[PDB]
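Just below is one structure, and these are the notes that go with it.
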Amino acid sequence: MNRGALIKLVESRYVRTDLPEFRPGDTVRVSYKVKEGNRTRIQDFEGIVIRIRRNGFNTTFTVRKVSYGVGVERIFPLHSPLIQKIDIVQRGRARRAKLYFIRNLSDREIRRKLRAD
Amino acid sequence: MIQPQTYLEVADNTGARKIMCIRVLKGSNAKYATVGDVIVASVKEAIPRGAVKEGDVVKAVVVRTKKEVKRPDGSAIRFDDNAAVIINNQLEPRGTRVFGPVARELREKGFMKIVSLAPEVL
Amino acid sequence: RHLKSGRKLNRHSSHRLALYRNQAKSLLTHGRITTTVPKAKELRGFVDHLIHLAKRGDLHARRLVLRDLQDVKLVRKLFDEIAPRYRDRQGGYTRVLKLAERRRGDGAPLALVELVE
Amino acid sequence: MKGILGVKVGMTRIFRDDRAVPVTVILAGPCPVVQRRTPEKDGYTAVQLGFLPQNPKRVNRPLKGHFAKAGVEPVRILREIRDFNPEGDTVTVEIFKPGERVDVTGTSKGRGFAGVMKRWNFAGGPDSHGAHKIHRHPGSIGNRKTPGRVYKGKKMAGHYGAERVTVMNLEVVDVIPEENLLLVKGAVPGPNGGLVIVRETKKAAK
Amino acid sequence: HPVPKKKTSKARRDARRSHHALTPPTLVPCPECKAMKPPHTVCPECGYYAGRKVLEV
RNA sequence: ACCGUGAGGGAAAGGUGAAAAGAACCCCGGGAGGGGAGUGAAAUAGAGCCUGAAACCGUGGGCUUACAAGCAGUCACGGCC
RNA sequence: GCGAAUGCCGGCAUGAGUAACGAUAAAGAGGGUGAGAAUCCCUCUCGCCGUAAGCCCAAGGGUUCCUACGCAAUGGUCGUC
RNA sequence: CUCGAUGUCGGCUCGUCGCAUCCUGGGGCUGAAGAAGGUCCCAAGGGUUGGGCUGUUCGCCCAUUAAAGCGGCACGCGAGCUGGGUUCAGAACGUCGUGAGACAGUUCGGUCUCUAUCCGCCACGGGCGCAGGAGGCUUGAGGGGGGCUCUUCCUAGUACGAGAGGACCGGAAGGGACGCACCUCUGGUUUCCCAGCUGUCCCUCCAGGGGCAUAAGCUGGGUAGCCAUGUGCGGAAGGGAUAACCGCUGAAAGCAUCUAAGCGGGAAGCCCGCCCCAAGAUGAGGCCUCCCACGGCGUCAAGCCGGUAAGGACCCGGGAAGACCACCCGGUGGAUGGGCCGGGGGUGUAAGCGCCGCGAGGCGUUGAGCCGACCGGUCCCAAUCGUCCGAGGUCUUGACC
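Chains as they are written, first to last, in the deposited numbering: chain BS, 1 to 117; chain BN, 1 to 122; chain BQ, 2 to 118; chain BE, 1 to 206; chain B4, 4 to 60.
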């Protein structure tokens with residue numbers, strides 16, 4: 001019973017699936033739109049593209065910093081169910097080894113290297 | 001994420017996108033040039049011409065790297081540390097500047113100009 | 002800091018694994034062996050999992066625990082010698098039990114523990 | 001205004017248009033195990049239990065203390081004053097309405113025995129120009145002829161975990177009437193999967 | 004460096020040695036033969052509960 | 001003896017008994033050592049063993065002691081024995 | 001004829017059954033011999049040396065080395081080593 | 001007193017009281033319009049930042065700040081550090097000295113020990129007791145913890161107004177610092193969780209592994225626990241006495257006065273309200289339930305024995321509780337551990353054979369493989385058997401039946 005049980009439950013309650021979207025993939029830079037908004041309920045299907053970085057897993061989870069070269073390096077981290085989300089579509093490839101936090105990217109990247117993977 | 005003494009980045013009418021702040025402009029007990037805050041500093045880095053100089057202003061907090069945790073559980077981090085220089089009132093320094101969007105900023109609000117100003121990729 | 006603690010042991014992880022094994026081995030040899038209180042306790046947990054693969058019974062499994070004990074004689078010795086004998090119960094193939102006395106000089110409480118027939 | 005509970009675990013949730021985090025309160029439902037009538041204990045109040053751990057295991061006394069107004073077969077019990085029992089059995093399946101403010105407490109997870117380091121704030125001493133004590137150690141303790149000795153009540157090393165305590169206001173967030181559970185966004189006062197209680201006081205004028 | 008002052012008499016010495024004191028050894032009889040057995044144990048005789056597997060040689 | 005390189009410094013320990021008759025032998029024990037038999041005038045004269053006290057630690061008994069602040073004590077008195 | 005002189009010589013106390021065992025180069029098993037074996041013997045797992053924890057000549061030590069019995073003293077407890 | 005011995009500076013760390021109170025408020029006063037100052041009496045509540053240079057505390061300076069106080073305790077702190085210091089020999093010169101040597105002129109280095117006995121503080125236990133023997137729930141006299149402050153805005157830009165400018169009263173939101181808990185989330189760890197790697201001796205050559213490369217050789221990530229830099233919360237109300245200071249009713253001073261008389265106003269302070277201890281408060285225990293008056297002896301038989309599992313202790317086995325200990329749940333009529341199993345979350349597609357390349361390896365079966373503390377199943381194993389201690393119920397008075 002206990003924890004596992006009851007809790008599993010309440011969450012199931014609220015989050016339900018984070019909106020069946022189960023497209024994780026390690027690599028894949030990809031793109032989405034979160035409601036993220038302010039100013040006159042300007043909740044905007046805002047879409048950021050980002051090279052897939054990491055994640056938290058259980059009730060509460062999060063599609064991690066996918067780093068995005070904006071013109072400086074900006075990495076974007078976002079909670080998974082987090083009703084906050086609407087569109088979440090992949091573009092990139094779910095490839096590469098050593099598993100996540102492979103910031104190798106954000107760090108010494110270098111477009112070339114980037115592609116080097 | 002924060003700092004007192006600091007080698008920070010900017011990109012306004014900068015002498016150089018870099019100045020060292022003393023501390024936080026908030027509630028007398030600084031300890032955090034924190035995201036979206038306002039604080040104190042002088043230049044560290046050079047400045048071709050430019051009316052900027054090797055002085056000291058105060059201004060407002062951009063980027064950080066160690067958790068931009070927002071109200072909506074919006075989350076982010078840029079491998080960059082920088083804010084925009086202020087002229088008194090706050091009224092920003094330069095005509096433009098190299099950087100972009102995201103809540104925290106506008107949210108602090110007082111600086112809409114910065115707001116519309118740094119938009120696109122970079 | 003410390004309190005809520007799992008897998009509880011002494012000496013030094015290398016020393017330990019060292020023992021766990023050496024012992025797991027010697028017991029495998031004699032069915033029953035004599036040492037000190039937890040020597041047994043934990044040794045149970047361990048030689049324990051080993052017999053578990055002993056049972057596992059297959060080219061791979063074999064490959065593994067061998068990975069750990071290093072040496073055919075026993076390798077097979079267990080894997081086929083008794084692994085069958087057990088393959089059918091629900092683990093706990095260990096019988097850890099408190100002898101009559103305590104080694105000298107100190108009074109270290111000891112016992113015999115073995116494959117539980 | 002009081003709930004008796006088996007504190008579950010802490011977890012995150014969402015509200016309005018934003019996530020935030022809560023905690024899992026669970027309580028079958030204590031019952032009038034003992035009443036201090038006032039003429040009884042002019043410190044008038046209600047004592048209750050809220051579960052049941054094995055019956056084959058149970059002192060006679062317990063058996064009949066229960067006998068009293070007779071109720072069930074548990075062991076979790078305690079008391080609180082100035083709280084009527086407009087019932088003779090309580091659950092919370094409503095007992096505790098959400099969108100309300102609460103106060104609550106519980107057992108306090110059990111620390112260890114760490115000095116100036118733990119126990120109190122300020123992490124020890126310093127480290128380098130001095131290492132015949134490297135980084136931290138005990139502050140100072142009194143003096144020559146001031147009191148002429150060693151003081152009597154400043155913080156002190158050691159055991160500072162096996163105790164109990166509570167938290168002031170917190171939010172009632174949500175009510176799950178079935179599995180007698182409630183999410184409250186709380187300082188998980190003390191462990192979890194263990195013991196706690198809630199009470200509500202706050203004539204607080206903002 | 005900090006050698007006391009004297010010794011509050013055997014008196015004290017005791018006070019201490021005293022709260023100290025030496026208790027005795029737990030035991031019941033062999034679940035099998037007789038003599039003293041501490042809780043879970045066997046010995047140079049009976050030696051069991053299900054298979055002496057012990058004593059005599 | 002023993003410290004110092006050498007020069008050199010430089011302890012301690014006297015007695016069992018009257019005479020050896022100073023301990024066959026039996027018994028717990030690896031042994032020591034421990035109970036007996038014999039010694040004898042004694043062996044609380046038993047081998048470091050005459051006389052063998054103070055100090056300190058011990059086994060039993062008497063009185064005494066858990067709301068107590070005093071070198072000590074001690075004058076008084078009351079309860080124990 | 002003596003408290004008394006941080007006295008002189010010899011006992012006997014005290015913190016203390018806490019500080020400490022001389023290197024963080026680890027050891028675990030099985031059987032053996034024994035009055036008793038963590039601490040001896042074989043044998044089996046295992047770590048640390050190896051450029052030394054190698055061997056070698058020499059110095060200086062001067063018993064001991066061996067083989068056989070024994071352990072009350074001695075090893076910083078063990079201990080049939 | 002001290003020379004049979006008392007460590008002197010500066011700083012550190014933990015500070016503790018004090019008011020001639022700095023910020024706080026309460027105030028009468030103004031040369032007080034407002035605002036803002038400034039002028040005294042009351043009141044320590046909390047609070048009473050960073051750096052710079054200087055061995056200097058003082059100080060001067062940078063930036064803020066509500067504010068960035070004076071000082072008591074051998075100028076608190078060496079049995080708790082630090083030790084630049086001035087103050088053992090050096091050597092330096094600058095300076096005296098006929099020179100030996102010297103200068104509170106200076107400058108470079110310059111061997112600070114500490115196994116706690118006492119009373120004292122921090123904790124945790126063993127007693128023995130608060131005259132039945134018991135399992136458990138309480139109420140607190142009395143003691144402990146925290147009581148700070150900024151800015152935005154409504155009222156409200158009207159009270160003041162020439163104007164520039166800003167108000168009692170009272171009401172919202174955000175924050176700094178700090179105190180209390182706590183991991184979901186955020187990030188930190190994770191000596192074995194997983195994964196990659198060189199060198200090397202070993203297994204059996206090949207792969208597939210193995211110890212050593214620290215007590216993990218190295219690397220990249222990594223639960224769970226613990227933990228900030230992450231999260232909730234808190235410093236309130238509000239009740240009663242009052243400080244300065246304001247008044248009511250009123251004489252003695254046949255007009256007057258707050259003034260002994262009698263009444264009220266009033267401070268972020270005092271008692272409470274807030275949490276945390278607590279009858280070893282011998283002045284409790286209050287309530288609940290429950291076992292009943294056993295045997296034999298000189299009597300106030302308040303001494304000796306089995307006694308009730310009434311209950312508990314012991315041993316075992318388990319614990320975010322934990323040095324030991326006590327606390328806590330359990331012992332097989334159980335799930336308590338470990339085991340196993342299902343599952344989470346970890347690693348990042350194994351081992352082999354198979355498919356393209358002389359080869360390096362590449363692709364397939366593979367997001368496989370292997371896994372420690374996290375939810376929970378199932379007696380696979382080990383919580384067997386036992387033991388011991390633990391009421392009979394003082395005298396006395398009053399009351400009821």
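We put the CB at the ideal spot given by N, CA and C, even for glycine.
Between the CA atoms of residue j and residue i - distance to the nearest angstrom
i, j, result
"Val116 (chain BE)", "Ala157 (chain BE)", "6 Å"
"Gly95 (chain BN)", "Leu106 (chain BN)", "18 Å"
"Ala46 (chain BE)", "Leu181 (chain BE)", "22 Å"
"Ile83 (chain BS)", "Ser75 (chain BN)", "14 Å"
"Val72 (chain BS)", "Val63 (chain BN)", "11 Å"
"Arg37 (chain BE)", "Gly71 (chain BE)", "18 Å"
"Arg78 (chain BN)", "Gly92 (chain BQ)", "52 Å"
"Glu171 (chain BE)", "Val48 (chain BQ)", "51 Å"
"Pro41 (chain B4)", "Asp107 (chain BQ)", "18 Å"
"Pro191 (chain BE)", "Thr24 (chain BE)", "12 Å"
"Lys35 (chain BS)", "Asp107 (chain BS)", "29 Å"
"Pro138 (chain BE)", "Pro189 (chain BE)", "29 Å"
"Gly92 (chain BS)", "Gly47 (chain BS)", "15 Å"
Close-in-space but distant-in-sequence residues of the same chain around residue i (CB under 6 Å, 5 per side omitted)
i, result
"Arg95 (chain BS)", "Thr27"
"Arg17 (chain BN)", "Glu9, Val10, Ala11"
"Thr35 (chain BQ)", "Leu113"
"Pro47 (chain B4)", "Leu58"
"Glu21 (chain BS)", "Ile88"
"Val43 (chain BN)", "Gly15, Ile19, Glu54"
For residue i, the first and last residue of its enclosing beta strand (DSSP E)
i, result
"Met112 (chain BN)", "It is not in any beta strand (DSSP E) - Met112 (chain BN) instead sits in the alpha helix (DSSP H) that spans 112-117."
"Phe76 (chain BS)", "73-79"
"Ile50 (chain BS)", "46-52"
"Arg112 (chain BS)", "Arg112 (chain BS) -> not in any beta strand (DSSP E); alpha helix (DSSP H) instead, spanning 111-116."
"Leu195 (chain BE)", "194-199"
Nonlocal neighbours in the same chain, by C-beta distance under 8 Å from residue i, ignoring five residues either side
i, result
"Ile47 (chain BN)", "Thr14, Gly15, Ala16, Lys53, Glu54"
"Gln5 (chain BN)", "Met20, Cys21, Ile22"
"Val21 (chain BE)", "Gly10, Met11, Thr12, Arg13, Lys185"
Extent of the continuous alpha helix (DSSP H) to which residue i belongs
i, result
"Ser27 (chain BQ)", "14-31"
"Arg77 (chain BQ)", "73-82"
"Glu108 (chain BN)", "104-108"
"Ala14 (chain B4)", "12-23"
"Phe67 (chain BE)", "60-67"
C-beta atoms of residue i and residue j nearer than 8 Å
i, j, result
"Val9 (chain BE)", "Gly125 (chain BE)", "no"
"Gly50 (chain BE)", "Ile81 (chain BE)", "no"
"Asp18 (chain BE)", "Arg104 (chain BN)", "no"
"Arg96 (chain BQ)", "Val117 (chain BQ)", "yes"
"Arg63 (chain BQ)", "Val73 (chain BQ)", "no"
"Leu51 (chain BQ)", "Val66 (chain BQ)", "yes"
Selection from the options that minimises the alpha carbon distance to residue i
i, options, result
"residue 160 (chain BN)", "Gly27 (chain BN), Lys67 (chain BN), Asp56 (chain BN)", "Because chain BN here runs from 1 to 122, residue 160 (chain BN) falls outside it and cannot be looked at."
"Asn11 (chain BQ)", "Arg103 (chain BQ), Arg64 (chain BQ), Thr37 (chain BQ)", "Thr37 (chain BQ)"
"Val49 (chain BS)", "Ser67 (chain BS), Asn58 (chain BS), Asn38 (chain BS)", "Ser67 (chain BS)"
"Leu114 (chain BS)", "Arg13 (chain BS), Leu19 (chain BS), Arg29 (chain BS), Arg3 (chain BS)", "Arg29 (chain BS)"
"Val85 (chain BN)", "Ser28 (chain BN), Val40 (chain BN), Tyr7 (chain BN)", "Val40 (chain BN)"
"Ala55 (chain BQ)", "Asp69 (chain BQ), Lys99 (chain BQ), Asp81 (chain BQ), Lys40 (chain BQ)", "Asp81 (chain BQ)"
Cβ shell of residue i (< 7 Å), same chain only, five flanking positions each side left out
i, result
"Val93 (chain BE)", "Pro177, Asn180"
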